[PDB]
Each structure stands twice: as C-alpha cells, then as structure tokens.
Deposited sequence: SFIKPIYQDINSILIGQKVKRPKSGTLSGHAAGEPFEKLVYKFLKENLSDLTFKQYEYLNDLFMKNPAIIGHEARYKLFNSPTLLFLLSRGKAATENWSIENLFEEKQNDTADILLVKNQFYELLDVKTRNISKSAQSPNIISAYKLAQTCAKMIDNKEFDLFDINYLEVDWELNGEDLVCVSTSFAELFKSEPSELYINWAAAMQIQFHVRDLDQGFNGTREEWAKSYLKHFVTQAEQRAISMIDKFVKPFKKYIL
C-alpha cells in the first residue's frame, strides 16, 4: 500500500476536519488532494487514469487495441469502461467521473496499483461478491498476484447542526482479511458489507491462497443460499400449486 506509510498523517490531519451539510461526503475529496499534493504522480481518479493511458497512446484506436494497453486481463476487468465507450473515447472526448468505477481513488506506481475506496459514516456496500469472485478467477487464470491491492480509508463524522465534524479513521486491506470472514448480503444484491474499522486483517497466506480461499467461501455460500431458496420458497409452497 502507498497511502499507508503516510496514513498516520492523513488520519490526524482529517480526524479534526470540517464540512457543511446516499447523499454525499466531501471527506473523500479531502484525501484526493491530501494525496494529490503530498502524493503527486501516483494519485489518480480512475477515469482520470483511463484518459491518461489512452492519451499516451494516441495512435492506438478501437476498443481491441486500447484494451491491450492495460497489459493485464484482471486490471482490464477491474478498470476498463465497456467496449463502445472505449471505442468512442477520442482525445477530445475524454471519460468523465463515473459512479460505478471500481475505485474511488487509484494510486499507481511502477506497474503496481492500489484500488483505494473511501467510506464515510447498517454496514455499507463495499464490493459485489460476484465481481470479487470474477476478480479472483482472473488473477488465478492469468497468474497475476502482485498487480494490485484493494484498500480502504474510512472516516467518521458527527452532526453538529448544519455541519459535519470528523472524529476518527480506519485503514484496512481487503487482501489481508481472511476470506471466510467476508460477509455477503445476498438480499442486498449480493453486496459484501462491513465497516472498515471492523474489517479483519489477520490473513497470512499468499495472495493466490487468498483468491482460492475467497472462491471456496463464495461458492459454498452461493451454493447453500440456492439450496436455502429451494427449501424456503419452493418446497413449502408446492402443495398449493400442484
């Protein structure tokens, strides 16, 4: 992680911040520059990183050719916009900040990436368990276990009228938590939920072992959920429709 070595700073620097009145939390914008100024050259908005990548290869046109510029099936999966959007990008028609972008902030340095998200506070949705499964399958399929990390920076606030004051922080690393500990809210569109402060950080196996372990946990959960749907929503009601 990059933001970690200096996390101490950001933490104390924000723990006593300010701001006026889903919804939104400007606290995120506070880390972009906190890392924009202090961490120039590394910090990037995902869409910003995408424009930068295509701008550096202007002779490269069409989605297929631009997709290769990622030099990584997983990274492509994690960061790329769809085909049409990629095809339509044109130097003077740049990508704009998007809502569904994998990472709120992207830190790149020497071929290594850090998908950093920022949460602010019913645990919030962090990542689709299925997209996390597809991500692990790509890592394993392409043997890419040192390409990126998905980290999180949390910040708490207190309502002081028409204002919002920061109270503390939390920094966690998805790939440092035991996969089986990840809670999946199936009803909530299969979204994994957890407060960063409560996230676990005890994992000790290799990255690849984290991918298999998460997959094992995902498959098992999906499997029992489906059998559970049959037992609760199907079998008890047959006597009414047969």
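Chemist: Which regions of the deposited sequence are unaccounted for in the modelled residues, listed N- to C-terminal?
Modeler: Sequence ranges with no C-alpha atoms are 22-30, 131-136.
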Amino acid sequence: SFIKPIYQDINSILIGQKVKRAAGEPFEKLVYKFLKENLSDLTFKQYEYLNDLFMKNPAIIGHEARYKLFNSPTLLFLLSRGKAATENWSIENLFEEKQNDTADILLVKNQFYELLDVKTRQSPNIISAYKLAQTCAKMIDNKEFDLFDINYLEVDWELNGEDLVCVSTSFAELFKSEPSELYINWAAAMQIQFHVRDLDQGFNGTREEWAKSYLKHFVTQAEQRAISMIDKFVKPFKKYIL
From here on, numbers count along this sequence of modelled residues.
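Chemist: Taking only the CA atoms, which stretch has the higher mean B-factor in the record, 203-211 or 55-63?
Modeler: Result of the comparison: 203-211.
Chemist: Check the entry's C-alpha temperature factors for 91-99 and 134-142, then say which stretch has the higher mean.
Modeler: According to the entry, 91-99 carries the higher average C-alpha B-factor.
Chemist: Report the option among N71, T86, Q122, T74 whose CA atom has the maximum B-factor in the deposited record.
Modeler: Of the candidates given, the C-alpha B-factor peaks at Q122.
Chemist: Can you tell me which of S80, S128, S170, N151 has the highest Cα temperature factor in the record?
Modeler: Among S80, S128, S170, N151, the PDB entry lists the largest C-alpha B-factor for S170.
Chemist: For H217, return the chain-relative third of its C-alpha B-factor as stated in the PDB record: lowest, middle or highest.
Modeler: It falls in the bottom third of the chain.
Chemist: According to the PDB entry, is the CA B factor of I241 in the bottom, middle or top third of its chain, that is, lowest, middle or highest?
Modeler: It belongs to the lowest third of the chain when residues are ordered by C-alpha B-factor.
Chemist: C-alpha B factor of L35, ranked within the chain: lowest, middle or highest third?
Modeler: Top third by C-alpha B-factor.
Chemist: Among all modelled residues of this chain, ranked by Cα B factor, put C166 in the bottom, middle or top third, i.e. lowest, middle or highest.
Modeler: It belongs to the highest third of the chain when residues are ordered by C-alpha B-factor.
Chemist: Please say which third, lowest, middle or highest, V155 falls into when its CA temperature factor is compared across its chain.
Modeler: Its C-alpha B-factor belongs to the highest third of this chain's values.
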